[PDB]
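Only one chain comes next, encoded as structure tokens, the form deposited in one PDB entry.
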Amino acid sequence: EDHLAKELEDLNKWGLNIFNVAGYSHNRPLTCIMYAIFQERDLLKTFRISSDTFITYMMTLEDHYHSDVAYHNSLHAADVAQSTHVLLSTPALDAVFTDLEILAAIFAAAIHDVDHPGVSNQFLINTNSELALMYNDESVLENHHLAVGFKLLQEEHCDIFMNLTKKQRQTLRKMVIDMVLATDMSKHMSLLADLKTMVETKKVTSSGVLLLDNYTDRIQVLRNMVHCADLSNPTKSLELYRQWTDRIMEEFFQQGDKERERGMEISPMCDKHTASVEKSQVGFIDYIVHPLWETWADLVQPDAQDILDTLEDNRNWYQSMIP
């Protein structure tokens, strides 16, 4: 409507408010934002993706995120997808990626947490869930999200890549699997050490645009790009960041409650009777988010300085809320 259209004028901006798009799209944010992103970038045209087919796939994908899970629902997928869309336009990365890689990244963002049950890999492993047994305790959820996303492409009424070549579809699938498996937090520390090595030997053309020799280098920047998007909540305006915080805490505390009911050990940031929301966000920024974004900023400097300044300001707000 008039409000949804005013809000999507920010489609290519970090300042986009996804909670507002959700309000004006019948709580179908993922479908609305993916369709806006694909039109903006001409991906339907480029890959002969039918409009009805793409919408039918996106609405089914969306319906497979659980609406009664406080944080890992379709609003988070929508946010990571839109955030990824903006990152891909960063001046330092201009003309580096093929249209195929741009398509895989945004697609990956969208499916990256589908059918998330609101509990962590460790909880599924310690409770002997069917998923942990299925995936042998390794990147349990991530493998599951990929499995569902790619499974949904099997029916013809839903195959949005049916017009890619075979070499393209295979190249796509490889890239998407690689990006989503990289969202597993147990991989965070080595992805970052690898990102730091990429900065160390960064080469740029005369116009301030990164030089990415082969596929190895590009997929490395893309995995890291979806990972930053996944970890982008604290880099957004304070107003958005706080709603995201409320949401991750509601989910984590629910798991905490399930751990207790089952008499399991409770992870300190999941225990609602003792955990500080404010200290936890400060630690989250100091030990995970800042270290990561600081490195992303070096890679694409100075494109992410605004983001780094917002992150620091948001850090200081949570610190001042701590007695």
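In this text, the rigid core denotes the largest set of C-alpha atoms whose superposition between the two forms falls within 1.5 Å. Throughout, we count residues from 1 along the sequence that is shown.
Only in words, not in the display: the form deposited in another entry, which the text now covers.
Q: Select from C270, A36, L43, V277 the only position whose Cα moves 2 Å or more between the shown form and the other one when the core is aligned.
A: With the rigid core superposed, the residue that stands out is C270.
Q: Looking in that other deposited form, decide if the C-alpha atoms of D137 and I266 are closer or farther than in the form shown; they differ by 3 Å or more.
A: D137 and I266 sit closer together in that other deposited form.
Q: Regarding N128 and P268, go with closer or farther for their CA spacing in that other deposited form versus this form, the difference being 3 Å or more.
A: Closer together, by at least 3 Å.
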